[PDB]
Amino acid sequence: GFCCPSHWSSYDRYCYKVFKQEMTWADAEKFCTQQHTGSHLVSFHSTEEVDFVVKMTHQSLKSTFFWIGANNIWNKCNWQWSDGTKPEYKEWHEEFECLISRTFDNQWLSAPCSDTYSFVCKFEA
């Protein structure tokens, strides 16, 4: 395959890097896009791939939490009143949640998009 640049790590045919500076989701994502062509917050499509990136961040990070690349997880939903109707009128507490990984497990959770975490960038070699 192609090789990853210095200071990034390879797994399958992608390149990954931990960044320690803590940023909002949106900032982490944008910053990822400026480290390298093709680059974004990491996304995951296998257990094996979460384990790889969890090992990498555990070995390098002091916080235990890091952004991965999915935003607004509950804004995006099709919400519906149980009487079967769709809410024309709304008064939602405004909230934005974003996906987060942990460094001691494969499992994910969320945080407000506005909070501040270390993150992992990824792109196809």
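So that there is no doubt, residue numbering starts at 1 and follows the sequence shown.
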property	result
Stretch with the greater mean C-alpha B-factor as recorded in the entry, comparing 27-35 against 54-62	54-62
Of 66-74 and 80-88, the stretch whose C-alpha atoms average the higher B-factor in the entry	80-88
Residue 10 by Cα B-factor - lowest, middle or highest third of the modelled chain	middle
Third of the chain, ranked by Cα B-factor, where residue 116 sits	highest
